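Novice: Sequence plus experimental coordinates follow:
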Amino acid sequence: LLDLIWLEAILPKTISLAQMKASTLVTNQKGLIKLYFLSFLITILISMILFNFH
Amino acid sequence: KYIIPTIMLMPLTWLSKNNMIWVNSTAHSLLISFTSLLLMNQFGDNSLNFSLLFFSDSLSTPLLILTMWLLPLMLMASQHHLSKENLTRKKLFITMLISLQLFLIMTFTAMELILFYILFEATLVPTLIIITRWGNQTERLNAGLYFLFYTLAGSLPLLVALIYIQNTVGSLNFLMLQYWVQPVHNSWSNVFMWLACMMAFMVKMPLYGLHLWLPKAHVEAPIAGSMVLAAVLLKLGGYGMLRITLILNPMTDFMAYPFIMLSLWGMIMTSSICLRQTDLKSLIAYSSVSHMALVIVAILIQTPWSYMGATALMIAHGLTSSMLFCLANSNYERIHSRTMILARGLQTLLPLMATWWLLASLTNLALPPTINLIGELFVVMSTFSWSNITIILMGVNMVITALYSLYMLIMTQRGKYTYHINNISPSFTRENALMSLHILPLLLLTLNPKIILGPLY
Amino acid sequence: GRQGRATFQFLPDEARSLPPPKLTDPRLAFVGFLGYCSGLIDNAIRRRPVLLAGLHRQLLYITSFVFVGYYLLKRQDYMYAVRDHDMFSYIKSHXXXXXXXXXXXXXXXXXXX
Amino acid sequence: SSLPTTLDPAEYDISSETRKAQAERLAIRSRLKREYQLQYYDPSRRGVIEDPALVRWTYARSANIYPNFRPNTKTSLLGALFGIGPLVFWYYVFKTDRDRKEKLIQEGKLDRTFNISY
Amino acid sequence: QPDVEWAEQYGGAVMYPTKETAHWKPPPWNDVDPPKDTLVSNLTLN
Amino acid sequence: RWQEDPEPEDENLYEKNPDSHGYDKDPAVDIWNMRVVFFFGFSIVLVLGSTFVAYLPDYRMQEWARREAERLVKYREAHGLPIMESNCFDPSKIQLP
Amino acid sequence: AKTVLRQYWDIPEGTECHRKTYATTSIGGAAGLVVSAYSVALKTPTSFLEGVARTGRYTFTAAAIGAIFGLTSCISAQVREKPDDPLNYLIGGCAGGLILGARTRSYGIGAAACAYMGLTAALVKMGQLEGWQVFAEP
Amino acid sequence: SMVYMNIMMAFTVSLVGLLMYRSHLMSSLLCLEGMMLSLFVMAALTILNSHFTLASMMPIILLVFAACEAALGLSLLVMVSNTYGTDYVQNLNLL
Amino acid sequence: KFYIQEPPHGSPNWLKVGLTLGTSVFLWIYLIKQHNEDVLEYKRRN
Amino acid sequence: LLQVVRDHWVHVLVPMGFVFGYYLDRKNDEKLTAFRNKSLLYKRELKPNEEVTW
Amino acid sequence: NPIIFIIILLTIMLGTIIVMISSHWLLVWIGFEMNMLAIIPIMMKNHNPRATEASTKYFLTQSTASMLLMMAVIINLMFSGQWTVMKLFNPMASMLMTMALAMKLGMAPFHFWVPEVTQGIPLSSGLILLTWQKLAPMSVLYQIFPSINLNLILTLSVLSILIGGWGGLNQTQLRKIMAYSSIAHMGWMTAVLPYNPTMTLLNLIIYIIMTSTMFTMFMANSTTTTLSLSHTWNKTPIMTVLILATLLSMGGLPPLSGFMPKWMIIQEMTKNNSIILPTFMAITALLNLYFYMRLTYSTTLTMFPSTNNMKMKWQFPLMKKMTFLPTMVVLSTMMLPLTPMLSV
Amino acid sequence: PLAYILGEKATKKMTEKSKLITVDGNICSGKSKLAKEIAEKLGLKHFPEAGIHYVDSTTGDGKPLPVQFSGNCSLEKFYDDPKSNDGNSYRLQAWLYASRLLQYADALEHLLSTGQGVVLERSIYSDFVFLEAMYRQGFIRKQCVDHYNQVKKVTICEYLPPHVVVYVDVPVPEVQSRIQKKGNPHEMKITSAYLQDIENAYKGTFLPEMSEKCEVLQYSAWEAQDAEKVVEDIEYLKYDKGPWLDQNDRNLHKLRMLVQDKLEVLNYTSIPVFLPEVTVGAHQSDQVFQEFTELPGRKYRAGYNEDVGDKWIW
């Protein structure tokens, strides 16, 4: 329970989370210059309104 | 005087012919270990200074002598292993052990917090290569990955801590300079300042939590039971705890109170698991958690008695646990599986080794005063001044320390060995030499260990 | 910190060539070891027998790292002096910014155990 | 732990269908024995044999950490109660002893006269 | 000791299996070949 | 099937061929290594080394303070009134308020 | 928005509860729209049919994270004395991080995030002191 | 103030027009011409109103480097129509 | 072996060997003479 | 004389390397010469020999 | 290709010189677009479908990058009207300046082109010309170090190491790992720029040399982890030792001189009362190390990539700076820690 | 090799009365050896057919390496009587393809530098005939052929021009009697159906070889062993509108740079795809590579070695 499963678990949790959040950036947006440029319009809109610098 | 003879040991192995190698690496390291015992043992009223800070001095470090003593002892054990491999890789390997010992000389001598840390992490890379190559067992990569996953995630918080302290108060560099020390006022910003300095040495000094770093490195051994002595040096490599608690934060030790409690169950529950396990190396690996947990209990109390017991225990464990790994090496080189149930029977095949089994197992217990009793007894007497209830928890540990040694003995005293056709030859001349060169320094420290337990003693 | 009364073209200033240069320094010897080390692994990548005993183009490898390293250390001895000089001159000119406090035996709390 | 009398001549079928099953026990036993016997009585062996029963025995304890325990049930939380529980238990033991000691130092002296230690 | 099964698990595709990426085939060893089939290929006059 | 991997090696000599040896390959070098140079480090560093571990390095004023304390006990008892301890480091220093 | 984040450090100074919950949903809802904005660019099948469903699964949940974190902050303010504590808003982060496993039926991902969200949100309330600054000029 | 409210607006409209796609890769390069055209007018008004005289050569140089990109990038577009049948954003191979 | 089937390198270059051994000495003289000049410059300035 | 140089080419380097370390660390004493005769702890006016402490 | 390949290569060298030695705003504008015309022919080279796709994806992202940069130049005429590269003098133009330079570099939001451009490059000679190209936008950022807002630089530096640290975990392509270490290192670049503009130039020196040592050792043709696997036994075993010195140095390890940037970037930041950001830097840097952790196992282990075909003839590549530079890349932390002053 | 801007250039004092003439398609018996030896009047250099010992013969030093060190359990005698269960079959063919790629790279380098008529005995474009005939009967697994095609698609496309003149020899089905007449105990007792399938597959392989704008010429057994008839046909027939005719500045130099080093051309030959027949084991290959280092051939460098030459250390 403790020395092998539970006391380990804390950082294997962060390993499993890092490997799961890896797919949301690597496997996401399969090709297409359309999909990459569409996200660039949003980043300008965030910088103008949300993360406001005049 | 300890700079550029170990660096001069580097071209020795490359230049020497294929017939020699092992004869040169051992003989030109034993005379180097003689000079460490010759010069470093001298002390004045307080801490000296050998040179300007590239490598500084000794304050409470006879632990440097132990590394110089293991400088040829690792080469003794890896003789049957790496005998069938390439001659160029033999020259490559000995230099990697030398490089480990090179940075280990540096870390103990240098009285810095900045130069110490980067060479404390410079011992991590050679061990990584030593573990992940020549590993006899499968999934040795998990022993390599978690070696740098647990340590570096705890130690990189030192960069944000140590540089922060020197930006506020003078400079950490010279340490004897660092007596500009202001008492920590116990603020919420100072909470993580204390934690980041400790968590780096909560990994190499194994607690109950974050302790899985150790047994995986021992079960998936670097080399059989030969390069495990370097991992014993990494256990005592967390001696920065002696310096951080004393200098950087003496006032605020309210946060030390939960960490003693966490290591208090890192005494009983770490010894309970070390009773049923099948691997003979793991029965040393989990016992090494408990004996090094004694120091973590001691240091955080910060009483003068605990420092006397701790510094003794750092030297005590460095020669007793490493000796037990040499016994595990002698069993693994014959059977080629570290199963305790399978390898059963001494005296019928190994008569002389059985006496060396006793002088190594019983040292886990408090024998007639070697260094282990002197190490333990001062810590137990220090915990009573902290709190009266401690000996009830500490007394259970004293029972299971007998369940360490005798259980290792009984499972080897049972005379059978029916399935075993091997282990026909008793022992080599170098095999019994490992048993002597580990135990006889412990036997010589029975007489006067004044130059062992010495933080102002 | 940043450059103020200094200009580019020719790396040392020549106008501030007063400080003595590094003569047979341990810093020069370590780069000399790296110059030798670069003359060891060149026989390892390009397959040549014996790193210690091989072809003698290593003399170029030793000299180049020493030559570049000498002027690099000359830049180090210059820039550290100027950074210190501008620091000392700032205290001497303003005086009000850097305050001095002397002679104190102030009471502090004593810790138990 | 055994509850009634020591089980050896108690509770058994009187030579029914179990006799065919008991004969099957010796068939598998001798099958593993004969391959052991062939790899034992030769002088040209020299070396400890594998025996897969003990190899899988070590693998059952050392490995099977994350292939197992993938359904983290309420029983694992009950095991966690024995995990974190005792660590928080001593927090109300050591602190109560310390606040008893520290108050005795300041008001109504309880310190020893011949205490040169620590 | 590492074997052929360990190399297949760390095979050149996507490192770890994913539900989104499965049709993503591994590239050729050296210099990719274009789809040369179906082109203009010499226009005719009448 | 691997067609290249199946080639196991199992050769533990120890006694068969060299008769008396600590390690394999070259018996003449083995006697000079396993029995000579290992034992010179076993003799010099452990026996002649033991005359440096605890035997006369003076060592942080352990025996020096005995001659220092004995002359100070007789001095402050015959001439002085307090018995060697009363106030530490500060005789009438600057007060807190 | 920077104007909404500056309002977040003025309402807990008093004892206003009904406007504090709306201030947290305006941050969480907008931050929910930011995360969902990238998800539109990940090839949405059938435009303005499942793309609206992809916004509806993220923006509603993230605002509900802010809603519970907003509500539990007010419950912890009324019950027990001493308003400024890191432990006081640690339970608020735990309850706010509890419904991460409410998006999908698993009860394990949300339970693992309960300790992580509870500690990280407590650090924000720890960051009211001078010793914690994310961005600096000199 | 008055004119700059339209020519800056025309730049932002073309900025959307570049990054928005309907599979045609020719239209993106056509908008790159418009982007340089909008930059040409915005630079012209700043130099002509505030009589610089020296800076008048700068949009002429800008006009040269406008056509430098809008030809060498256009030549790569032809290479897509050599390897593949017709130019499309959807027609890709890279991962 | 005797370097059979046309050896690519036997190393009797003397063109590259003469320059590598040459310019290194030219670097040695250039560094010491400027160091001797700087030693005179350090004494003259201060 | 002729056989010793070929057989023991590396055997001399390590003890000679110790001598190099014995000499280099000794030469660091001249760098630390501040308050050698000064500072009241072991200070005494030496007459037969110049600079007692090294 | 004869002299014309060298002339094209020399105009990239000359192109960055116009960026370096400059005072005029349209002069650096030319310097960026001098590179745009000159990288593309080396991007093509071997007449590939991948090369055509990479160059078009490279151009359409970086042509828009320059035109966004020219907008910042024109707003510098709308307000103030001074054409000297020192300050933007605007809270609006500074936004369109930093984000345009982020497009040319491997910074967080405009990173999507970087891995797919690196895959389409035919040879190792062309792979250098992206790591060396990043000197040009960095040189401008050093010139305009004030008047640029923290809220839209430091957010782009923090996110880039986050997406860089997770962007190479699900990748086996050797080009793709180097492309995401590029995104990872750019976060360490721009984080220094407000907290003293110095050390950003030294961070380039460490990065450019350490990346050039990789591809010159990748002259023995390898595109995947499994293709670089057959190198331990079929090819030379000493080559695996020297790549080990470059793999481990790219991650944060103190015995190697790749820790020398991570030395001063944390040190300079901690001086200015910021501790919560350098903590986030070092922890995410372990994810960058983690790529090389699994990539060291291709060289340290056997891994069984034997292959029946064995090479008898010795390998003869270019190896121009493959010997001098890895010696400096492995050890310089003990050699020159005072080089901070010499560089900047 | 790198600086060709001076006197040394491609197609300079070359590519006139000098062409690659491949003599291939000998069915099973060594019939191509007689035709290549006879064609020595017009052609300057005639290379022998690649076998098991060719890889050590070229680039090494005269004498071939032993069977254990050169090709891991690879022998021509094993393929003479091919059998199932962990045999050679495919791994000898992969070694045979690597040797034939090596000899073609040397021949093309010999053609570009100093223009000479090169005669080759069975080239790369005849190798798939030798493989597919073995596949028709139960010898090679299906997955191994697809592994070969992956090497085929990469290695060939590096070379822009295939051949100038390709010689086709179609003998009678009674060629097994001619193989029995020849003094070879190993070559004898081979399958008659295998040799018949080799001639059948070659007929469908000669058609794309002729359509690839290379001058293909067919010869009979009666037309064979003629020094006058074969040489006159080679001089009269001129190569027109072929892939061999290319630009000397761009196409020829890139071909010469790729063929200059043997390791660069064979870099694509080593495939990362794991195959059980293509030798995957590293434990025995470690000692085999160590035995090659122990061997007094090369071991130390590309050219100079200890106890072999070395006039000077520098």
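Specialist: Yep, that arrived. Residues are numbered from 1 along each chain as shown, chains lettered A, B, ... in the order given.
Novice: My guess is residue B:282 contacts residue B:219. True?
Specialist: Yes - counting by Cβ atoms under 8 Å, residue B:282 does reach residue B:219; the two are 5.4 Å apart. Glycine gets a C-beta too; all of them are placed from N, C-alpha and C.
Novice: ok, the two, which is more surrounded?
Specialist: Comparing residue B:282 with residue B:219 by other Cβ atoms under 10 Å in any protein chain shown, the one with more neighbours is residue B:282, at 22 against 19.
Novice: Tell me which residues touch that one, please.
Specialist: Contact analysis of residue B:282 by Cβ atoms under 8 Å, 6 or more residues apart in numbering or on different chains lists B:215, B:218-219, B:274, D:62.
Novice: now, which of those residues sits nearest residue B:355?
Specialist: residue B:274 (24.0 Å; Cβ to Cβ).
Novice: residues near the closest residue to that closest one other than its chain neighbours, how many?
Specialist: In space, residue B:274 comes closest to residue B:286 once its chain neighbours are excluded; the distance is 3.7 Å by Cβ to Cβ, 6 or more residues apart in numbering or on different chains. Close neighbours of residue B:286, defined as other Cβ under 10 Å, add up to 24.
Novice: Where do the helices of the stretch 1-150 of chain K begin and end?
Specialist: Secondary structure of the stretch 1-150 of chain K (DSSP state H, counting those that start in this stretch): helices at K:3-20, K:25-44, K:49-78, K:93-104, K:113-119, K:124-131, K:135-143.
Novice: ok, back up a step: so how far is residue B:371 from the residue nearest to residue B:274?
Specialist: Taken as Cβ to Cβ, to the nearest Å, the spacing of residue B:286 relative to residue B:371 amounts to 22 Å.
Novice: Over to residue B:91?
Specialist: Distance, residue B:91 to residue B:371, using Cβ to Cβ: 36 Å.
Novice: what about these two, which has more around it?
Specialist: Neighbours were tallied for residue B:91 and for residue B:371 using other Cβ under 10 Å; the higher tally belongs to residue B:371 (25 against 17).
Novice: List the contacts of the residue in chain A that chain J sits nearest to.
Specialist: Going by Cβ to the nearest Cβ, chain J is nearest to residue A:11 of chain A, at 43.2 Å. By Cβ under 8 Å, 6+ apart, residue A:11 lies in contact with B:149-150, B:153.
Novice: Quick one: which of the contacts of residue B:282 is the most crowded by neighbours?
Specialist: Most crowded among the contacts of residue B:282, counting by other Cβ under 10 Å, is residue B:215 at 26 neighbours.
Novice: what about the nearest residue to it once chain neighbours are set aside, how many residues close to it?
Specialist: Nearest residue to residue B:215, sequence neighbours excluded (Cβ to Cβ, 6+ apart): residue B:285, at 4.4 Å. A count of nearby residues for residue B:285, using other Cβ under 10 Å, gives 26.
Novice: Let me see the ranges of the helices in the chain.
Specialist: No chain specified, so I'll use chain A. A:7-20, A:23-26, A:33-45 (DSSP state H).
Novice: actually chain D
Specialist: Counting by DSSP H, one finds helices in chain D at the ranges D:18-38, D:52-62, D:74-81, D:85-89, D:91-106.
Novice: and these as TSV, adding distance to chain C?
Specialist: Output for the helices of chain D, formatted as TSV (distance: least, Cβ to the nearest Cβ, whole Å):
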stretch	distance to chain C
helix D:18-38	51
helix D:52-62	40
helix D:74-81	33
helix D:85-89	23
helix D:91-106	8
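Novice: what's around residue G:100, how many residues?
Specialist: 20.
Novice: follow-up on the earlier one: could you point out which of the helices of chain D sits nearest residue B:401?
Specialist: helix D:85-89 (20.5 Å).
Novice: Please see if the closest one touches chain G.
Specialist: No - using Cβ under 8 Å from any Cβ of the partner chain, helix D:85-89 never reaches chain G; the gap is at least 14.9 Å.
Novice: Up against chain L, what does chain E have?
Specialist: Within chain E, the positions near chain L by Cβ under 8 Å from any Cβ are E:1-2, E:4, E:7-8, E:12, E:28-31, E:33.
Novice: Tabulate those (CSV), appending neighbour count, secondary structure and distance to residue K:53.
Specialist: Below are the residues of chain E next to chain L laid out as CSV (neighbours: other Cβ atoms under 10 Å in any protein chain shown; DSSP: H, G, I helix; E, B strand; the rest coil; distance: Cβ to Cβ, whole Å):
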residue, neighbour count, secondary structure, distance to residue K:53
E:1, 15, coil, 41
E:2, 18, coil, 36
E:4, 18, helix, 34
E:7, 20, helix, 30
E:8, 10, helix, 29
E:12, 21, coil, 20
E:28, 14, coil, 15
E:29, 24, coil, 19
E:30, 18, coil, 17
E:31, 17, coil, 14
E:33, 11, coil, 14
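Novice: Save the helices of the stretch 1-150 of chain K as TSV, and put in mean neighbour count and distance to residue G:69 too.
Specialist: Formatted as TSV, the helices of the stretch 1-150 of chain K follow (neighbours: other Cβ atoms under 10 Å in any protein chain shown; distance: least, Cβ to Cβ, whole Å):
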stretch	mean neighbour count	distance to residue G:69
helix K:3-20	15	48
helix K:25-44	20	46
helix K:49-78	22	38
helix K:93-104	23	31
helix K:113-119	23	36
helix K:124-131	20	44
helix K:135-143	19	38
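Novice: List just the one of the ones you listed that sits closest to chain J.
Specialist: Chain J lies closest to helix K:135-143 among the helices of the stretch 1-150 of chain K, at 38.5 Å (Cβ to the nearest Cβ).
Novice: Residues contacting the next helix or strand after that closest one, please?
Specialist: The helix or strand immediately downstream of helix K:135-143 is helix K:154-166, counting by DSSP states H and E. With contacts defined as Cβ under 8 Å, 6+ apart, helix K:154-166 is touched by A:18, A:21-22, A:24-26, A:51, G:135, K:98, K:102, K:106-109, K:111, K:180-191, K:194, K:277, K:280-281, K:284-288, K:290.
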